[PDB]
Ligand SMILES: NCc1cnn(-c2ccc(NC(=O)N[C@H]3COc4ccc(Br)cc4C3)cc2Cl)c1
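Given as structure tokens, the chain that follows is alone and in the form solved without this ligand.
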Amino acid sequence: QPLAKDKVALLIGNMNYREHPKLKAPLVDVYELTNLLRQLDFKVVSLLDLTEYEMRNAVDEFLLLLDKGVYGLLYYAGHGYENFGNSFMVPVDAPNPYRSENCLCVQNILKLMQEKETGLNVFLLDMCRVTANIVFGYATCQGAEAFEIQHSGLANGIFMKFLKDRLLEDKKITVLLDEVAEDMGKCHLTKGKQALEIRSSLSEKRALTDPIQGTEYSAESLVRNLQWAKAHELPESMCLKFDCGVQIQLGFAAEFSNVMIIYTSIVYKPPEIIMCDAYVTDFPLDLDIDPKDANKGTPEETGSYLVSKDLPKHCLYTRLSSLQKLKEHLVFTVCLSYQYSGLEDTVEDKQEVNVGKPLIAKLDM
């Protein structure tokens, strides 16, 4: 009987704090929740390491998708702050000490969610310390150095560990979150360290597994919804042919909506060319790359650990992790060094590549 007009989700994970301890769990947690929600037919946007401005802009764009009957899920994992009975999401650029004005107020987002006529609105916070059918989950796990454990790096946070084991169930969201709360209560490590409070104003039997009804996008909501659904689409693979005859294959992969991996490999070397090597350079300055971190022999050397299963071997890898900062088309240079058989000189050739505005860059931020 219950139907969703559409299913949208925004997941934010903050790890690389400029003035606060770096977190490791949001990377794996946001990555695993993204896949789980996509299996439930949600159109997901996942963003890693956002500033105060970037966080406010992403939340505003997500709030704009919440039309009548739509199911929306917002997930935040990172540093949290509590002050005067209010809770705040701490962006990566927050100065030390914490100031409320530099953070996103959770209660204020809840207030904006209450004004929507959503079929379901799930807001989950995983922090380190008229009806809209709002189900609010508030997990607090202040620590990492407070447990004594030498963690895996690719290890899951406490909330996500139990959440991922139950999210795919066809059960009312409030009943499902109550089971996660019970699971955490059974875990002895959690005692006095983790906490979870569920607040709910859900007056009807709604679940994340509910089917999508007559979607029927309105006039002004059309572009917004198509753009959100397409921020998961990668640029297609390309084969670049150089003047000397050498062919380079350029491939693309994604960890998050703002993290893309570019890989290159020499697919054809004419017999006249004795030796050649290709590399990528001159990326837009807003991305803050540094050649000492690009063109690596393995994806792990670039800071990429999550999509090694989908990455072809024997390539050179580059990780672009600040795609949300891209204001224009992604234009870069593919450089080729080559030598003719019987010649001593090394020749240099280069061509520019324009892959448009990929993933999160499609959104009008």
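So that the term is clear: the rigid core is the largest set of C-alpha atoms that superpose within 1.5 Å between two forms. So that there is no doubt, residue numbering starts at 1 and follows the sequence shown.
Unshown form deposited with this ligand bound; subsequent notes refer to it.
Peer 1: Take the pose in the bound PDB entry, superimpose it on this chain at the site, and classify the pocket for this ligand as open or blocked using 3 ligand atoms within 2.4 Å of backbone or C-beta as the minimum for blocked.
Peer 2: Blocked.
Peer 1: Taking a heavy atom within 4.5 Å as contact, would all three of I273, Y279 and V334 count as contacting this ligand in the bound PDB entry?
Peer 2: Negative, none of the three is within 4.5 Å.
Peer 1: Please identify the residue among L33, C315, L65, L320 with any heavy atom within 4.5 Å of this ligand in the bound PDB entry.
Peer 2: After the contact test, the surviving option is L65.
Peer 1: Here the chain is shown alone; which of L306, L37, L330, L47 has a heavy atom within 4.5 Å of this ligand in the bound PDB entry?
Peer 2: Comparing distances to this ligand in the bound PDB entry, the residue within 4.5 Å is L47.
Peer 1: Test of understanding: in the bound PDB entry, would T302 fall inside 4.5 Å of this ligand by heavy atoms?
Peer 2: Because no heavy atom of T302 falls inside 4.5 Å of this ligand in the bound PDB entry, the answer is no.
Peer 1: My question is simply whether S265 lines the interface with this ligand in the bound PDB entry - judged by any non-hydrogen atom within 4.5 Å.
Peer 2: No, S265 is distant from the partner.
Peer 1: Could you confirm whether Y81 comes within 4.5 Å of this ligand in the bound PDB entry, counting heavy atoms only?
Peer 2: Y81: no contact with this ligand in the bound PDB entry.
Peer 1: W228 near this ligand in the bound PDB entry, any heavy atom under 4.5 Å?
Peer 2: Yes, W228 is a contact residue.
Peer 1: Of the listed stretches (306 to 314, 292 to 300, 334 to 342, 53 to 61), which one has a non-hydrogen atom within 4.5 Å of this ligand in the bound PDB entry?
Peer 2: That would be stretch 53 to 61.
Peer 1: Within 318 to 352, which residues come within 4.5 Å of this ligand in the bound PDB entry, counting heavy atoms only?
Peer 2: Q324, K325 sit within 4.5 Å of the partner.
Peer 1: Of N57, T51, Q339, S322, only one moves its C-alpha by 2 angstroms or more between the shown form and the other one once the rigid core is aligned, so tell me which.
Peer 2: Comparing both forms, the shifted residue turns out to be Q339.
Peer 1: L112: with the rigid core matched between the shown form and the other one, does its Cα shift 2 Å or more?
Peer 2: No.
Peer 1: Note yes or no: does the Cα of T140 move by 2 Å or more between the shown form and the other one after the core is superposed?
Peer 2: No, shifts by less than 2 Å.
Peer 1: Superposing on the rigid core, is the CA of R99 displaced by 2 Å or more between the shown form and the other one?
Peer 2: Moves: no, less than 2 Å.
Peer 1: Looking in the bound PDB entry, are the Cα atoms of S221 and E61 closer together or farther apart than here, the change being 3 Å or more?
Peer 2: Farther apart, which means the C-alphas of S221 and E61 are at least 3 Å more distant in the bound PDB entry.
Peer 1: Once you account for a change of 3 Å or more, let me know if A229 and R206 sit closer or farther in the bound PDB entry, using their C-alpha atoms.
Peer 2: Relative to this form, farther apart in the bound PDB entry.
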